[PDB]
Amino acid sequence: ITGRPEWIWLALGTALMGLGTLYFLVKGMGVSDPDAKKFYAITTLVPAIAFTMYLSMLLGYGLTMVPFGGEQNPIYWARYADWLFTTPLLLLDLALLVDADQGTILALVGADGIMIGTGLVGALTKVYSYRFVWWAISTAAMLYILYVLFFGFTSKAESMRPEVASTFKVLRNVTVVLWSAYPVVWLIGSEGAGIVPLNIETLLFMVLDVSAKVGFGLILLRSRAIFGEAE
Amino acid sequence: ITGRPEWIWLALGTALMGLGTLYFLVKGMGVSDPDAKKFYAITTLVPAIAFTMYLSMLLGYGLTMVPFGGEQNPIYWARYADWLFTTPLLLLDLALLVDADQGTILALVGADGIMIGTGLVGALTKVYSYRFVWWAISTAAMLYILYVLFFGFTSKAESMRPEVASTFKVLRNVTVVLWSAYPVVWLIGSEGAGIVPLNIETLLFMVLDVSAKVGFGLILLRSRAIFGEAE
Amino acid sequence: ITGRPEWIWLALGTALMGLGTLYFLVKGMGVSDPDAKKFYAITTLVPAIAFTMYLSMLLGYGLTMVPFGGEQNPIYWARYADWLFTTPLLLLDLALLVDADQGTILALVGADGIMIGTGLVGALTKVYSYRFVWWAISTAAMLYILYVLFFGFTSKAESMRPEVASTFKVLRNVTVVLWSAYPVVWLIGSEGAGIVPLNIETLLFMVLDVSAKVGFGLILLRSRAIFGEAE
Ligand SMILES: CCCCCCCC/C=C/CCCCCCCC(=O)OC[C@H](O)CO
Ligand SMILES: CCCCCCCC/C=C/CCCCCCCC(=O)OC[C@H](O)CO
Ligand SMILES: CCCCCCCC/C=C/CCCCCCCC(=O)OC[C@H](O)CO
Ligand SMILES: CCCCCCCC/C=C\CCCCCCCC(=O)OC[C@H](O)CO
Ligand SMILES: CCCCCCCC/C=C\CCCCCCCC(=O)OC[C@H](O)CO
Ligand SMILES: CCCCCCCC/C=C\CCCCCCCC(=O)OC[C@H](O)CO
Ligand SMILES: CCCCCCCC/C=C\CCCCCCCC(=O)OC[C@H](O)CO
Ligand SMILES: CCCCCCCC/C=C\CCCCCCCC(=O)OC[C@H](O)CO
Ligand SMILES: CCCCCCCC/C=C\CCCCCCCC(=O)OC[C@H](O)CO
Ligand SMILES: CCCCCCCC/C=C\CCCCCCCC(=O)OC[C@H](O)CO
Ligand SMILES: CCCCCCCC/C=C\CCCCCCCC(=O)OC[C@H](O)CO
Ligand SMILES: CCCCCCCC/C=C\CCCCCCCC(=O)OC[C@H](O)CO
Ligand SMILES: CCCCCCCC/C=C\CCCCCCCC(=O)OC[C@H](O)CO
Ligand SMILES: CCCCCCCC/C=C\CCCCCCCC(=O)OC[C@H](O)CO
Ligand SMILES: CCCCCCCC/C=C\CCCCCCCC(=O)OC[C@H](O)CO
Ligand SMILES: *C/C=C(C)/C=C/C=C(C)/C=C/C1=C(C)CCCC1(C)C
Ligand SMILES: *C/C=C(C)/C=C/C=C(C)/C=C/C1=C(C)CCCC1(C)C
Ligand SMILES: *C/C=C(C)/C=C/C=C(C)/C=C/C1=C(C)CCCC1(C)C
């Protein structure tokens with residue numbers, strides 16, 4: 001495993017997702033409020049699935065070689081199996097916080113599915129120029145998600161409990177900044193133009209993934225907004 | 001891409017699914033009624049996922065070669081990844097229109113999963129005679145779905161708002177006729193007996209797919225039945 | 001098909017899952033109570049998906065060869081495609097019986113996903129020692145599920161209708177005993193240490209699968225607990 005230079009970042013990612021999972025699991029012990037239980041379940045699942053996929057990349061299972069540009073290129077496909085399930089869970093935490101209507105939840109989850117599925121097709125496409133077609137369609141689906149989070153969700157939170165509104169605004173801003181960096185890393189890294197080497201690309205996705213999953217969860221699960229209003 | 005004769009129908013399919021997606025997206029702008037939003041989300045997602053899969057077949061990603069009958073046969077597997085998600089969404093539009101109970105929705109979606117999953121196993125099976133075993137099991141699951149749509153759903157719609165009943169009856173009849181043609185095309189085309197060439201088979205599925213997705217959606221989203229009754 | 005010694009158990013499994021599906025389908029004819037319909041839909045789907053996967057193993061589609069330990073080893077991967085959908089359906093029957101809160105249902109289904117997904121990664125891993133790492137992570141996710149079924153669910157059932165409590169207690173005990181045997185069979189069989197031959201391993205999983213699906217369903221669907229209380 002140590003033969004690949006990016007191993008150290010996969011190992012550190014594995015450890016941090018593991019530790020984040022155990023922390024949120026212990027913290028959610030004994031919570032009995034039904035609304036809080038939903039947020040603890042969603043939020044604890046997200047680093048638990050990322051732990052399994054980081055471990056699969058560390059041990060070499062989650063890597064394949066894709067020929068493009070006359071080379072055999074190493075593509076970590078397990079990233080997409082993680083993000084297929086973890087990105088809609090993160091969006092569901094936001095939508096539940098603002099009591100989003102069911103049609104908006106379905107639009108967000110379906111656009112997220114299209115973003116990750118087209119990202120995976122782009123990562124495994126053997127004709128170099130067509131990789132960037134799939135990157136553009138996936139980016140258009142991310143822009144729809146970010147538009148709804150600012151022009152659908154923001155206007156509803158501002159009519160709810162003040163602690164729900166302030167917590168949503170922080171997590172919305174966290175999400176828009178961190179998720180917007182992923183298409184840029186892909187475009188400049190090994191899957192795209194090849195300017196940044198795989199070892200630095202792996203470091204960048206590790207910092208983004210721990211921030212967007214464990215950092216986001218620490219903010220949400222310390223908030224009063226996840227409990228029902230009660231005496 | 002132009003080396004395959006069926007390319008023109010894949011390109012036309014891509015364009016029509018793309019145009020249908022953009023039309024329904026613009027039309028659903030500003031709709032604020034929660035019931036209408038659910039139907040716009042479901043109905044807009046369906047040509048958006050079909051657009052991505054038609055594009056994957058145009059560019060060659062969604063094609064594999066399966067050896068059977070002593071030949072290498074071209075099988076477009078991306079059709080099944082589209083229909084795995086788009087066929088239950090179309091059934092959910094019908095079920096929501098009639099306020100179907102949750103047990104019936106689960107039976108319809110699960111039978112649909114079995115229909116498409118066994119269709120895919122049949123399309124990729126290398127022993128020729130066994131392809132038709134999977135076709136028969138998939139057809140039996142389609143007959144269950146059509147039985148419920150006529151002997152479960154029809155009897156509930158007739159007790160609801162008149163505009164919900166008339167709109168359901170039209171979309172039910174559209175769905176029964178168009179979906180019944182898919183097993184016949186598969187059986188006579190490249191996946192089955194091989195009587196109709198792949199270029200004509202691709203034309204037939206394009207006409208069916210645009211009719212069952214964009215045609216169905218134009219009927220539903222122009223109806224008063226998708227809005228709640230309000231003053 | 002008869003060239004593999006385990007064929008007879010795959011054929012018997014196919015038949016029993018087929019017969020169980022047809023029995024539950026006929027029995028659920030005419031049931032009109034909405035709560036009972038949910039349990040019939042969930043419970044009938046489970047042997048129907050297992051029938052398709054047993055048939056795929058009988059015909060040879062659901063088998064692949066994985067090199068580990070210097071051999072090419074036969075791994076029936078279709079077991080995991082069955083259990084990915086059938087194990088959360090069985091857990092949903094239990095959760096609905098006790099009216100479990102939505103956060104607990106999500107935790108159970110997500111832990112179940114992690115159990116089966118890591119089991120599949122373990123079954124297809126080519127480095128022998130790492131197969132047992134994935135077995136341990138999957139077993140830890142099963143222990144979480146069993147903890148919730150005894151220390152979350154048992155305490156809620158005891159506050160509901162007496163027939164719901166007694167039926168849950170029986171099905172909980174059935175589930176804990178039969179599901180705990182699966183990791184032991186995997187560890188001693190072809191996927192693991194290789195002490196028990198594939199033909200006996202296949203017999204063991206057939207007896208467990210029919211008991212945990214058709215046996216469990218016969219107990220549940222004969223119970224008064226699946227109907228709403230009504231005059
Ligand atoms: C939260 C507290 C922790 C804060 C931590 C945030 C750091 C995020 C990582 C960043 C990029 C740095 C990557 C290291 C740069 C190596 C690039 C390089 O030097 O390549 C040289 C090559 O030889 C010729 O260009
Ligand atoms: C809605 C308004 C639009 C209406 C449009 C509906 C048409 C649907 C397509 C049909 C089949 C026609 C396929 C073309 C037939 C070619 C078959 C053929 O001629 O093969 C000849 C071969 O050389 C010896 O058999
Ligand atoms: C519900 C009523 C039905 C009750 C049925 C429950 C049986 C479950 C199966 C069990 C294991 C028996 C497997 C047969 C044992 C064969 C092992 C063997 O003998 O291997 C010999 C080898 O030559 C040297 O060890
Ligand atoms: C080094 C440590 C390794 C890291 C751990 C390995 C992760 C894979 C194992 C298990 C799934 C465990 C459960 C995941 C679901 C927990 C959901 C939850 O917390 O639900 C709370 C809610 O309140 C309930 O009602
Ligand atoms: C593979 C990619 C897709 C699967 C990945 C899993 C991610 C979560 C799934 C779906 C959102 C579906 C809609 C669920 C929103 C319901 C929330 C709500 O509005 O409330 C309903 C509840 O009944 C009030 O108590
Ligand atoms: C309400 C639920 C909404 C659900 C929204 C989901 C939409 C998914 C969209 C797109 C891409 C699907 C791509 C399928 C990925 C297959 C890639 C693969 O595995 O290819 C293997 C091999 O290399 C080649 O044969
Ligand atoms: C709204 C927040 C989300 C927005 C996210 C989308 C932003 C995409 C931006 C830019 C593309 C810049 C293209 C630069 C690529 C040129 C690569 C190249 O070929 O140059 C070779 C290299 O630079 C020689 O050293
Ligand atoms: C040539 C044009 C190409 C075709 C376009 C590329 C398709 C892939 C891109 C994006 C997903 C965009 C969003 C799909 C989900 C829209 C859901 C919706 O409309 O929801 C309305 C509801 O009212 C809300 O609350
Ligand atoms: C991969 C194949 C499966 C996944 C493909 C995605 C297709 C849509 C999924 C599921 C239907 C599940 C049941 C949902 C029906 C609920 C509708 C209802 O009855 O109303 C509930 C709501 O709470 C009242 O406001
Ligand atoms: C409530 C939710 C209900 C959900 C109902 C879903 C039931 C799905 C049924 C069947 C077929 C599954 C077939 C699995 C397809 C794998 C095909 C494949 O990819 O094979 C690749 C390669 O060629 C070989 O190793
Ligand atoms: C209820 C609505 C849905 C019903 C959908 C199911 C209908 C299936 C019907 C028929 C099979 C006809 C079989 C014809 C195939 C014979 C092919 C053959 O071998 O003939 C060679 C060729 O004809 C020499 O030119
Ligand atoms: C030898 C016999 C072979 C075995 C049979 C082949 C299985 C694959 C075929 C079909 C799916 C049929 C329907 C599966 C879903 C049934 C759900 C149900 O029973 O729902 C009842 C509920 O009351 C409703 O409202
Ligand atoms: C691929 C692995 C995952 C997919 C496999 C399919 C298995 C079933 C799925 C999900 C449970 C999601 C939560 C559903 C629990 C809702 C039940 C409930 O509490 O009641 C709600 C209803 O609105 C009151 O009438
Ligand atoms: C609320 C919903 C909760 C959902 C919880 C789901 C968590 C799934 C976890 C893990 C493993 C995923 C493993 C992906 C399996 C891919 C195996 C494969 O097909 O590999 C093919 C080939 O051999 C190699 O390239
Ligand atoms: C709580 C209910 C669920 C608990 C489920 C987890 C139980 C796992 C137990 C034990 C491992 C025993 C290990 C024995 C394996 C040693 C194999 C070996 O190498 O021995 C060679 C062979 O015995 C020469 O004939
Ligand atoms: C837990 C990990 C998270 C929040 C990952 C987020 C990932 C995305 C927002 C990925 C976006 C992509 C594009 C928009 C285009 C090209 C490739 C992707 C998949 C990296
Ligand atoms: C959007 C596309 C739609 C509505 C596609 C519908 C597809 C089916 C009804 C497919 C049916 C099949 C059979 C019943 C048996 C054999 C093969 C299939 C998958 C073509
Ligand atoms: C219908 C079939 C059922 C109920 C199957 C249950 C399967 C499991 C509980 C499987 C468990 C596993 C482990 C806990 C670890 C290693 C391998 C598995 C997937 C066999």
# chains A, B, ... in the order shown; residues from 1 in each chain; ligands from 1

call {"tool": "residues_around", "arguments": {"residues": "stretch 164-171 of chain C", "least_positions_apart": "6", "cutoff": "9 Å", "atoms": "only C-alpha atoms", "output": "list in words"}}
result
residues 94, 97, 98, 153, 154, 156, 157, 158, 216, 219, 220, 223, 224, 225 and 226 of chain C

call {"tool": "interface_residues", "arguments": {"of": "chain A", "to": "chain C", "cutoff": "12 Å", "atoms": "only C-alpha atoms", "output": "ChimeraX atom specification"}}
result
/A:1,18,25,28-53,55-62,78,81-82,85-86,89,92-93,96

call {"tool": "residues_around", "arguments": {"residues": "residue A:139", "least_positions_apart": "5", "cutoff": "10 Å", "atoms": "only C-alpha atoms", "output": "ChimeraX atom specification"}}
result
/A:114-116,118-119,133-134,144-145,180,182-184

call {"tool": "closest_residue", "arguments": {"among": "C:140, C:178, C:200, C:109", "to": "ligand 5", "atoms": "only C-alpha atoms and all ligand atoms"}}
result
C:109

call {"tool": "select_by_dssp", "arguments": {"residues": "stretch 56-160 of chain C", "states": "alpha helix (DSSP H)", "output": "JSON, numbers by chain"}}
result
{"C": [56, 57, 58, 78, 79, 80, 81, 82, 83, 84, 85, 86, 87, 88, 89, 90, 91, 92, 93, 94, 95, 96, 97, 102, 103, 104, 105, 106, 107, 108, 109, 110, 111, 112, 113, 114, 115, 116, 117, 118, 119, 120, 121, 122, 123, 124, 128, 129, 130, 131, 132, 133, 134, 135, 136, 137, 138, 139, 140, 141, 142, 143, 144, 145, 146, 147, 148, 154, 155, 156, 157]}

call {"tool": "residues_near_ligand", "arguments": {"ligand": "ligand 2", "cutoff": "10 Å", "atoms": "only C-alpha atoms and all ligand atoms", "output": "MDAnalysis selection string"}}
result
chainID B and resid 195:197 199:208 211 215

call {"tool": "write_last_selection", "arguments": {"atoms": "N, CA, C and O atoms", "output": "PDB file, in the first residue's frame"}}
result
ATOM      1  N   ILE B 195     -34.543 -10.304 -35.668  1.00  0.00           N
ATOM      2  CA  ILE B 195     -35.301 -10.172 -36.946  1.00  0.00           C
ATOM      3  C   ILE B 195     -35.220  -8.725 -37.430  1.00  0.00           C
ATOM      4  O   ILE B 195     -35.076  -8.531 -38.636  1.00  0.00           O
ATOM      5  N   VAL B 196     -35.331  -7.756 -36.528  1.00  0.00           N
ATOM      6  CA  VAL B 196     -35.276  -6.318 -36.849  1.00  0.00           C
ATOM      7  C   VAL B 196     -33.847  -5.849 -36.584  1.00  0.00           C
ATOM      8  O   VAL B 196     -33.297  -6.137 -35.490  1.00  0.00           O
ATOM      9  N   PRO B 197     -33.198  -5.141 -37.523  1.00  0.00           N
ATOM     10  CA  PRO B 197     -31.818  -4.693 -37.289  1.00  0.00           C
ATOM     11  C   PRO B 197     -31.703  -3.618 -36.188  1.00  0.00           C
ATOM     12  O   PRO B 197     -32.638  -2.894 -35.940  1.00  0.00           O
ATOM     13  N   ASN B 199     -30.409  -0.669 -36.174  1.00  0.00           N
ATOM     14  CA  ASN B 199     -30.728   0.709 -36.530  1.00  0.00           C
ATOM     15  C   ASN B 199     -32.221   0.990 -36.461  1.00  0.00           C
ATOM     16  O   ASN B 199     -32.627   2.067 -35.966  1.00  0.00           O
ATOM     17  N   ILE B 200     -33.060   0.021 -36.880  1.00  0.00           N
ATOM     18  CA  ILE B 200     -34.499   0.237 -36.764  1.00  0.00           C
ATOM     19  C   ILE B 200     -34.937   0.048 -35.323  1.00  0.00           C
ATOM     20  O   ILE B 200     -35.797   0.788 -34.849  1.00  0.00           O
ATOM     21  N   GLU B 201     -34.366  -0.910 -34.594  1.00  0.00           N
ATOM     22  CA  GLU B 201     -34.697  -1.072 -33.185  1.00  0.00           C
ATOM     23  C   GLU B 201     -34.424   0.246 -32.444  1.00  0.00           C
ATOM     24  O   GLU B 201     -35.248   0.659 -31.577  1.00  0.00           O
ATOM     25  N   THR B 202     -33.312   0.890 -32.757  1.00  0.00           N
ATOM     26  CA  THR B 202     -32.969   2.138 -32.035  1.00  0.00           C
ATOM     27  C   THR B 202     -33.986   3.216 -32.350  1.00  0.00           C
ATOM     28  O   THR B 202     -34.377   3.985 -31.450  1.00  0.00           O
ATOM     29  N   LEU B 203     -34.385   3.353 -33.612  1.00  0.00           N
ATOM     30  CA  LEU B 203     -35.496   4.252 -33.965  1.00  0.00           C
ATOM     31  C   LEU B 203     -36.778   3.955 -33.179  1.00  0.00           C
ATOM     32  O   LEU B 203     -37.391   4.875 -32.618  1.00  0.00           O
ATOM     33  N   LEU B 204     -37.154   2.706 -33.081  1.00  0.00           N
ATOM     34  CA  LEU B 204     -38.396   2.326 -32.355  1.00  0.00           C
ATOM     35  C   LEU B 204     -38.285   2.709 -30.872  1.00  0.00           C
ATOM     36  O   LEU B 204     -39.236   3.325 -30.349  1.00  0.00           O
ATOM     37  N   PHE B 205     -37.188   2.403 -30.228  1.00  0.00           N
ATOM     38  CA  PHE B 205     -37.109   2.782 -28.815  1.00  0.00           C
ATOM     39  C   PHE B 205     -37.059   4.300 -28.676  1.00  0.00           C
ATOM     40  O   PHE B 205     -37.528   4.816 -27.642  1.00  0.00           O
ATOM     41  N   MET B 206     -36.482   5.067 -29.621  1.00  0.00           N
ATOM     42  CA  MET B 206     -36.468   6.513 -29.503  1.00  0.00           C
ATOM     43  C   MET B 206     -37.888   7.065 -29.547  1.00  0.00           C
ATOM     44  O   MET B 206     -38.231   7.957 -28.734  1.00  0.00           O
ATOM     45  N   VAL B 207     -38.710   6.590 -30.510  1.00  0.00           N
ATOM     46  CA  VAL B 207     -40.078   7.074 -30.587  1.00  0.00           C
ATOM     47  C   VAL B 207     -40.832   6.688 -29.320  1.00  0.00           C
ATOM     48  O   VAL B 207     -41.586   7.521 -28.756  1.00  0.00           O
ATOM     49  N   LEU B 208     -40.651   5.461 -28.833  1.00  0.00           N
ATOM     50  CA  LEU B 208     -41.358   5.090 -27.606  1.00  0.00           C
ATOM     51  C   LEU B 208     -40.913   5.921 -26.426  1.00  0.00           C
ATOM     52  O   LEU B 208     -41.747   6.417 -25.665  1.00  0.00           O
ATOM     53  N   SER B 211     -42.168   9.532 -26.544  1.00  0.00           N
ATOM     54  CA  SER B 211     -43.633   9.560 -26.299  1.00  0.00           C
ATOM     55  C   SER B 211     -43.935   9.298 -24.819  1.00  0.00           C
ATOM     56  O   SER B 211     -44.813   9.955 -24.248  1.00  0.00           O
ATOM     57  N   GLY B 215     -44.000  13.165 -24.123  1.00  0.00           N
ATOM     58  CA  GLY B 215     -45.462  13.191 -24.436  1.00  0.00           C
ATOM     59  C   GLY B 215     -46.320  13.041 -23.170  1.00  0.00           C
ATOM     60  O   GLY B 215     -47.206  13.867 -22.906  1.00  0.00           O
TER      61      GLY B 215
END

call {"tool": "select_by_dssp", "arguments": {"residues": "chain C", "states": "strand (DSSP E)", "output": "number ranges by chain"}}
result
C: 63-68, 71-76

call {"tool": "write_last_selection", "arguments": {"atoms": "C-alpha atoms", "output": "short mmCIF file (atom, residue, chain, number, x, y, z; two decimals), in the first residue's frame"}}
result
data_model
loop_
_atom_site.label_atom_id
_atom_site.label_comp_id
_atom_site.auth_asym_id
_atom_site.auth_seq_id
_atom_site.Cartn_x
_atom_site.Cartn_y
_atom_site.Cartn_z
CA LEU C 63 -21.02 -16.55 -10.30
CA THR C 64 -17.56 -15.04 -10.83
CA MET C 65 -14.02 -16.32 -10.16
CA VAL C 66 -11.83 -14.33 -7.73
CA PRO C 67 -8.11 -15.12 -7.45
CA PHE C 68 -6.88 -15.34 -3.86
CA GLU C 71 -6.36 -20.33 -6.66
CA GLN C 72 -9.29 -19.18 -8.77
CA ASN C 73 -12.13 -19.28 -6.34
CA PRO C 74 -15.86 -19.41 -7.27
CA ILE C 75 -17.72 -16.54 -5.64
CA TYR C 76 -21.48 -16.25 -5.99
#

call {"tool": "closest_residue", "arguments": {"among": "C:4, C:161, C:213, C:131", "to": "ligand 18", "atoms": "only C-alpha atoms and all ligand atoms"}}
result
C:213

call {"tool": "atom_distance", "arguments": {"atom1": "atom 7 (C, counted along the ligand's line) of ligand 9", "atom2": "atom CA of residue B:112"}}
result
9.5 Å

call {"tool": "atom_distance", "arguments": {"atom1": "atom 15 (C, counted along the ligand's line) of ligand 7", "atom2": "atom CA of residue A:194"}}
result
9.8 Å

call {"tool": "closest_residue", "arguments": {"among": "C:23, C:132, C:7, C:80", "to": "ligand 10", "atoms": "only C-alpha atoms and all ligand atoms"}}
result
C:80

call {"tool": "closest_residue", "arguments": {"among": "A:209, A:17, A:87, A:227", "to": "ligand 1", "atoms": "only C-alpha atoms and all ligand atoms"}}
result
A:209

call {"tool": "atom_distance", "arguments": {"atom1": "atom CA of residue A:155", "atom2": "atom CA of residue A:173"}}
result
14.3 Å

call {"tool": "decode", "arguments": {"residues": "stretch 103-117 of chain A", "atoms": "N, CA and C atoms", "output": "PDB file, in the first residue's frame"}}
result
ATOM      1  N   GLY A 103     -41.483  18.120  -2.878  1.00  0.00           N
ATOM      2  CA  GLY A 103     -41.052  18.311  -4.276  1.00  0.00           C
ATOM      3  C   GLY A 103     -39.655  18.904  -4.385  1.00  0.00           C
ATOM      4  N   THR A 104     -39.321  19.843  -3.510  1.00  0.00           N
ATOM      5  CA  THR A 104     -37.987  20.395  -3.520  1.00  0.00           C
ATOM      6  C   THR A 104     -36.965  19.378  -3.083  1.00  0.00           C
ATOM      7  N   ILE A 105     -37.284  18.529  -2.119  1.00  0.00           N
ATOM      8  CA  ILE A 105     -36.300  17.488  -1.713  1.00  0.00           C
ATOM      9  C   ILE A 105     -36.033  16.565  -2.872  1.00  0.00           C
ATOM     10  N   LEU A 106     -37.069  16.107  -3.573  1.00  0.00           N
ATOM     11  CA  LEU A 106     -36.866  15.234  -4.723  1.00  0.00           C
ATOM     12  C   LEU A 106     -36.052  15.910  -5.794  1.00  0.00           C
ATOM     13  N   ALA A 107     -36.300  17.188  -6.094  1.00  0.00           N
ATOM     14  CA  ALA A 107     -35.473  17.892  -7.105  1.00  0.00           C
ATOM     15  C   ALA A 107     -34.024  17.941  -6.685  1.00  0.00           C
ATOM     16  N   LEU A 108     -33.712  18.174  -5.418  1.00  0.00           N
ATOM     17  CA  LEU A 108     -32.320  18.277  -4.955  1.00  0.00           C
ATOM     18  C   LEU A 108     -31.662  16.936  -5.015  1.00  0.00           C
ATOM     19  N   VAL A 109     -32.315  15.899  -4.534  1.00  0.00           N
ATOM     20  CA  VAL A 109     -31.683  14.575  -4.555  1.00  0.00           C
ATOM     21  C   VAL A 109     -31.508  14.099  -5.955  1.00  0.00           C
ATOM     22  N   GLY A 110     -32.484  14.324  -6.853  1.00  0.00           N
ATOM     23  CA  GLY A 110     -32.307  13.872  -8.209  1.00  0.00           C
ATOM     24  C   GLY A 110     -31.223  14.653  -8.940  1.00  0.00           C
ATOM     25  N   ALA A 111     -31.145  15.988  -8.751  1.00  0.00           N
ATOM     26  CA  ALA A 111     -30.032  16.700  -9.359  1.00  0.00           C
ATOM     27  C   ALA A 111     -28.669  16.236  -8.817  1.00  0.00           C
ATOM     28  N   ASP A 112     -28.605  15.912  -7.539  1.00  0.00           N
ATOM     29  CA  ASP A 112     -27.360  15.405  -6.931  1.00  0.00           C
ATOM     30  C   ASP A 112     -26.985  14.082  -7.574  1.00  0.00           C
ATOM     31  N   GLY A 113     -27.942  13.160  -7.726  1.00  0.00           N
ATOM     32  CA  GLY A 113     -27.680  11.886  -8.436  1.00  0.00           C
ATOM     33  C   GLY A 113     -27.087  12.109  -9.812  1.00  0.00           C
ATOM     34  N   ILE A 114     -27.681  13.022 -10.581  1.00  0.00           N
ATOM     35  CA  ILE A 114     -27.180  13.355 -11.912  1.00  0.00           C
ATOM     36  C   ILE A 114     -25.774  13.938 -11.795  1.00  0.00           C
ATOM     37  N   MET A 115     -25.487  14.806 -10.828  1.00  0.00           N
ATOM     38  CA  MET A 115     -24.127  15.362 -10.662  1.00  0.00           C
ATOM     39  C   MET A 115     -23.150  14.250 -10.412  1.00  0.00           C
ATOM     40  N   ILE A 116     -23.414  13.342  -9.447  1.00  0.00           N
ATOM     41  CA  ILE A 116     -22.374  12.335  -9.186  1.00  0.00           C
ATOM     42  C   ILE A 116     -22.325  11.306 -10.318  1.00  0.00           C
ATOM     43  N   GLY A 117     -23.440  10.871 -10.867  1.00  0.00           N
ATOM     44  CA  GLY A 117     -23.408   9.841 -11.927  1.00  0.00           C
ATOM     45  C   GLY A 117     -22.685  10.337 -13.156  1.00  0.00           C
TER      46      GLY A 117
END
